[PDB]
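Student: Have a look at this one.
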Amino acid sequence: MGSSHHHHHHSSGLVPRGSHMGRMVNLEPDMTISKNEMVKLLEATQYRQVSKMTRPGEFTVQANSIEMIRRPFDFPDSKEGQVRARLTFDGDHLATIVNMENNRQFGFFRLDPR
């Protein structure tokens with residue numbers, strides 16, 4: 001009984017000195033971005049608001065959160081599969097991104113409405 005204040009803890013993996021630099025890495029949170037940053041990011045990540053997000057590499061835009069399709073299983077001779085995550089923005093930083101299908105692998109806290 002005890003030592004469980006919150007099941008989801010902020011694992012500081014690439015939060016300090018993540019060093020993603022630019023768009024040479026898959027979208028994921030080591031990232032600390034803002035409401036507008038996402039707005040440039042989809043542009044910056046080659047993704048644009050969508051009716052309904054299901055494509056490899058095309059996602060849907062909302063506000064404090066975007067949705068982003070996760071890099072599928074890809075082969076050289078062959079390419080297929082798709083999975084999508086929901087990508088949230090908390091404050092001036094990226095909140096999370098969650099492969100919606102399993103919604104547990106990453107999994108972080110929701111945005112507090114203002």
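By order of appearance in the structure tokens: chains A, B, ..., then residues from 1 within every chain, and ligands from 1 in the order shown.
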Write out as a VMD selection string all residues of chain A that backbone DSSP assigns to alpha helix (DSSP H).
Tutor: chain A and resid 35 to 44
Student: Contacts of stretch 82-96 of chain A at 10 Å or less, counting only C-alpha atoms, minus same-chain residues fewer than 2 places along, as JSON, numbers by chain?
Tutor: {"A": [27, 28, 29, 30, 31, 32, 33, 34, 35, 36, 37, 38, 53, 54, 55, 56, 57, 58, 59, 60, 61, 62, 63, 64, 65, 66, 67, 68, 69, 70, 71, 72, 73, 74, 79, 80, 98, 99, 100, 101, 102, 103, 106, 107, 108, 109, 110, 111, 112]}
Student: Mind checking DSSP for stretch 66-110 of chain A and telling me the strand (DSSP E or B) residues as a list in words?
Tutor: residues 66, 67, 68, 69, 70, 74, 79, 83, 84, 85, 86, 87, 88, 89, 90, 93, 94, 95, 96, 97, 98 and 99 of chain A
Student: Now that the selection is made, can you save its residues with N, CA, C and O atoms as a tab-separated table (two decimals), in the first residue's frame?
Tutor:
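Result went into selection00.tsv, see below:
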```
chain	number	residue	atom	x	y	z
A	66	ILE	N	-2.76	17.07	-32.38
A	66	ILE	CA	-2.86	16.61	-33.74
A	66	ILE	C	-3.07	15.10	-33.70
A	66	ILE	O	-2.97	14.50	-32.63
A	67	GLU	N	-3.37	14.49	-34.81
A	67	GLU	CA	-3.29	13.06	-34.86
A	67	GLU	C	-2.24	12.72	-35.88
A	67	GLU	O	-2.20	13.36	-36.91
A	68	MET	N	-1.39	11.76	-35.61
A	68	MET	CA	-0.36	11.42	-36.58
A	68	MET	C	-0.25	9.91	-36.79
A	68	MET	O	-0.09	9.14	-35.85
A	69	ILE	N	-0.37	9.50	-38.05
A	69	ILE	CA	-0.16	8.12	-38.42
A	69	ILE	C	1.30	7.73	-38.15
A	69	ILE	O	2.22	8.43	-38.56
A	70	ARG	N	1.48	6.61	-37.47
A	70	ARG	CA	2.80	6.15	-37.08
A	70	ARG	C	3.46	5.43	-38.25
A	70	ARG	O	2.77	4.78	-39.04
A	74	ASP	N	7.55	-1.33	-43.14
A	74	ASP	CA	7.94	-1.05	-44.50
A	74	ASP	C	9.09	-1.93	-44.95
A	74	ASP	O	10.07	-2.11	-44.23
A	79	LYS	N	5.72	-2.57	-49.43
A	79	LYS	CA	5.30	-1.63	-48.41
A	79	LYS	C	3.81	-1.65	-48.21
A	79	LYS	O	3.03	-1.70	-49.16
A	83	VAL	N	-0.68	2.38	-39.14
A	83	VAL	CA	-1.08	2.59	-37.76
A	83	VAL	C	-1.05	4.05	-37.47
A	83	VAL	O	-0.18	4.74	-37.97
A	84	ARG	N	-1.92	4.52	-36.62
A	84	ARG	CA	-1.94	5.91	-36.29
A	84	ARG	C	-1.95	6.17	-34.81
A	84	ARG	O	-2.51	5.41	-34.02
A	85	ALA	N	-1.27	7.23	-34.47
A	85	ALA	CA	-1.16	7.68	-33.11
A	85	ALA	C	-1.83	9.03	-32.96
A	85	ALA	O	-2.07	9.71	-33.94
A	86	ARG	N	-2.11	9.42	-31.73
A	86	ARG	CA	-2.67	10.73	-31.50
A	86	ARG	C	-1.64	11.54	-30.78
A	86	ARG	O	-1.10	11.14	-29.76
A	87	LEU	N	-1.38	12.68	-31.34
A	87	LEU	CA	-0.24	13.45	-30.98
A	87	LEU	C	-0.67	14.77	-30.33
A	87	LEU	O	-1.20	15.65	-30.98
A	88	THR	N	-0.40	14.90	-29.06
A	88	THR	CA	-0.92	16.01	-28.29
A	88	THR	C	0.16	16.99	-27.91
A	88	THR	O	1.32	16.63	-27.75
A	89	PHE	N	-0.26	18.24	-27.78
A	89	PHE	CA	0.60	19.32	-27.43
A	89	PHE	C	0.23	19.93	-26.08
A	89	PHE	O	-0.83	20.54	-25.94
A	90	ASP	N	1.10	19.80	-25.10
A	90	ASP	CA	0.86	20.38	-23.77
A	90	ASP	C	1.70	21.63	-23.56
A	90	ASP	O	2.90	21.55	-23.30
A	93	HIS	N	5.27	22.57	-25.05
A	93	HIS	CA	5.92	21.33	-25.36
A	93	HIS	C	4.94	20.27	-25.82
A	93	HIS	O	3.74	20.37	-25.60
A	94	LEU	N	5.49	19.27	-26.47
A	94	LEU	CA	4.71	18.15	-26.92
A	94	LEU	C	4.25	17.33	-25.75
A	94	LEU	O	5.04	16.98	-24.87
A	95	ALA	N	2.97	17.05	-25.74
A	95	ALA	CA	2.36	16.36	-24.66
A	95	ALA	C	2.61	14.87	-24.77
A	95	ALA	O	3.03	14.22	-23.82
A	96	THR	N	2.33	14.35	-25.95
A	96	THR	CA	2.45	12.93	-26.21
A	96	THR	C	2.07	12.60	-27.63
A	96	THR	O	1.67	13.46	-28.40
A	97	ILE	N	2.22	11.34	-27.92
A	97	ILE	CA	1.81	10.73	-29.14
A	97	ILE	C	1.49	9.30	-28.80
A	97	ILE	O	2.28	8.64	-28.14
A	98	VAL	N	0.34	8.82	-29.19
A	98	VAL	CA	-0.08	7.50	-28.75
A	98	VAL	C	-0.63	6.68	-29.89
A	98	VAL	O	-1.63	7.06	-30.47
A	99	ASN	N	0.00	5.54	-30.17
A	99	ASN	CA	-0.54	4.61	-31.14
A	99	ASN	C	-1.89	4.17	-30.67
A	99	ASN	O	-2.04	3.29	-29.83
```
Student: Name all residues at most 12 Å from residue A:24 (count only C-alpha atoms; drop same-chain ones fewer than 4 positions away) and give them as a ChimeraX atom specification.
Tutor: /A:19-20,28,44-45
Student: Could you write those residues out with N, CA and C atoms, as a tab-separated table (two decimals), in the first residue's frame?
Tutor:
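That gives us out.tsv:
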```tsv
chain	number	residue	atom	x	y	z
A	19	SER	N	18.03	16.35	-28.94
A	19	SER	CA	18.86	16.56	-30.12
A	19	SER	C	18.23	15.95	-31.38
A	20	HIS	N	16.99	16.34	-31.66
A	20	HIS	CA	16.31	15.89	-32.88
A	20	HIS	C	16.70	16.77	-34.06
A	28	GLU	N	7.49	12.31	-32.55
A	28	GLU	CA	7.46	11.59	-31.29
A	28	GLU	C	7.84	12.60	-30.23
A	44	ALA	N	5.72	21.22	-41.74
A	44	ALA	CA	7.12	21.02	-41.56
A	44	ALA	C	7.46	19.53	-41.56
A	45	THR	N	6.41	18.72	-41.56
A	45	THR	CA	6.55	17.29	-41.44
A	45	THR	C	5.92	16.61	-42.65
```
Student: In Å, rounded to a single decimal, give me how far atom CA of residue A:40 is from atom CA of residue A:23.
Tutor: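 That distance, rounded to one decimal, is 12.1 Å.
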